[PDB]
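Chains, contacts and geometry: an overview
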Amino acid sequence: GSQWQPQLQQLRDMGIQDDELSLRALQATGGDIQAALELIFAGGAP
Amino acid sequence: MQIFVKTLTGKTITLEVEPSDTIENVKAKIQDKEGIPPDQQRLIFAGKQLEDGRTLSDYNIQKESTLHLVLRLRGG
């Protein structure tokens with residue numbers, strides 16, 4: 001299992017397919033959905 | 001018909017397209033007003049992946065539908 005496993009699903013249902021990018025974003029943010037959205041949107045840390 | 005393209009951050013843009021418009025053309029229109037290349041335009045309709053070769057009517061996308069413009073960049 002994963003600490004952000006349920007989080008990935010929440011993102012997927014909203015409009016995400018790649019759980020990999022979702023995990024990477026969640027990992028970079030430390031566990032934040034909205035912040036992760038900006039992470040992917042910017043393509044990492046601007 | 002009028003559609004609503006809402007990004008991940010929250011930015012929502014209005015787009016004027018027809019039911020016979022291809023998803024690919026949609027991305028081309030978004031790029032012209034947003035400056036975002038179709039390459040990063042991973043348009044996902046609440047989980048439903050929108051294939052570029054398909055049309056808006058293909059996915060039963062009605063008017064006032066909210067499409068999610070997911071910018072999939074290589075980073076993170």
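Each chain's residues are numbered sequentially from 1 according to the written sequence, a convention that need not reproduce the entry's numbering, and residues without coordinates are excluded. Chain A is the first chain written and ligand 1 is the first ligand written, with later ones labelled in order. Only hydrogens and water are set aside when side-chain values are computed; all heavy atoms of the structure are taken into account.

1. As for the overall build of chain A
Threshold: Counting from the N terminus, the helices are DSSP H or I runs at least four residues long and the strands are E runs at least two residues long. Remark: exposure states derive from per-residue accessible area (1.4 Å probe, protein chains only) relative to the maximum for the residue type, with buried under 20%, exposed over 50%, and partly exposed in between. Each accessible area is a Shrake-Rupley estimate made with a 1.4 Å probe; only the visible protein chains count as cover when residues are assessed.
Secondary structure assignment for chain A yields three helices and zero strands. Overall, chain A shows an N-to-C arrangement of helices and strands of α-α-α. Oriented by its inertia axes, the alpha-carbon framework of chain A measures out at about 30 × 20 × 15 Å. When burial is assessed residue by residue, chain A has 37% of its 46 residues classed as buried. Just so you have it, chain A exposes about 2,700 Å², and 44% of that area is on carbon and sulfur atoms.

2. Section: the overall build of chain B
Note the threshold: Here the globule rule is a power law, 2.2 Å times the number of residues to the power 0.38, and the radius of gyration is based on C-alpha atoms. Two residues form a contact once any of their heavy atoms are found within 4.5 Å. We count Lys and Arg on the positive side and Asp and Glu on the negative side, and we leave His and both chain ends out. The atom standing in for a charge is NZ when the residue is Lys, CZ when it is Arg, CG when it is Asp and CD when it is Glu.
In terms of helices and strands, chain B carries one helix and five strands. For chain B, the sequential pattern of α-helices and β-strands runs β-β-α-β-β-β. A globule of 76 residues ought to have a C-alpha radius of gyration of about 11 Å, and chain B, at 11 Å, matches this closely. When the 76 residues of chain B are sorted by exposure, 41% land in the buried category. Of all intrachain contacts in chain B linking residues separated by at least 6 positions in sequence, the fraction that spans at least 24 positions is 55%. A total accessible area of about 4,100 Å² is found for chain B, and carbon and sulfur atoms account for 41% of it. Averaging the positions of the 11 positive and the 11 negative side-chain charges in chain B gives two centres separated by 7 Å.

3. What to know about the interface of chain B and chain A
Going by this rule: Two parts lose some accessible area (1.4 Å probe) when they are put together, and adding that loss for both gives the buried area. Each reported salt bridge corresponds to a side-chain nitrogen of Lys or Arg within 4 Å of a carboxyl oxygen of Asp or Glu. Basically, the charged four are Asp, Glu, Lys and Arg, the nonpolar ten are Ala, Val, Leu, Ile, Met, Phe, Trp, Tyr, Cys and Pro, and anything else, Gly included, counts as polar.
Counting residues at the interface gives 18 residues for chain B and 18 residues for chain A. A combined buried area of about 1,500 Å² lies between chain B and chain A, and 57% of that area is made up of carbon and sulfur atoms. If you sort the residues of chain B by the area they bury against chain A, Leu8, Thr9 and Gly76 of chain B come out on top, with a joint share of 35%. Viewed at the interface, chain A and chain B are joined by two salt bridges. Its salt-bridge partner being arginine 42 of chain B, residue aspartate 18 of chain A comes within 2.6 Å of it at the nearest N-O pair. Breaking the side of chain B that touches chain A down by element, the ones donating at least two residues are β3 (41-45) and β5 (66-71) of chain B. Looking at which element gives the most residues to the side of chain B that touches chain A, the answer is β5 of chain B, with four residues. Taken together, the residues that form the side of chain B that touches chain A break down as seven nonpolar, seven polar and four charged.

4. Quick word on the UniProt feature "domain: Ubiquitin-like" (unreviewed entry) in chain B
Using the following cut-off: UniProt positions are given in the numbering used here, feature names are shortened, and annotations may be inferred rather than shown by experiment.
Within this numbering scheme, the UniProt entry marks residues 1-76 of chain B as carrying the feature "domain: Ubiquitin-like" (unreviewed entry). Along residues 1-76 of chain B the backbone is 16% helical and 32% strand, and the end-to-end C-alpha distance reaches 36 Å.

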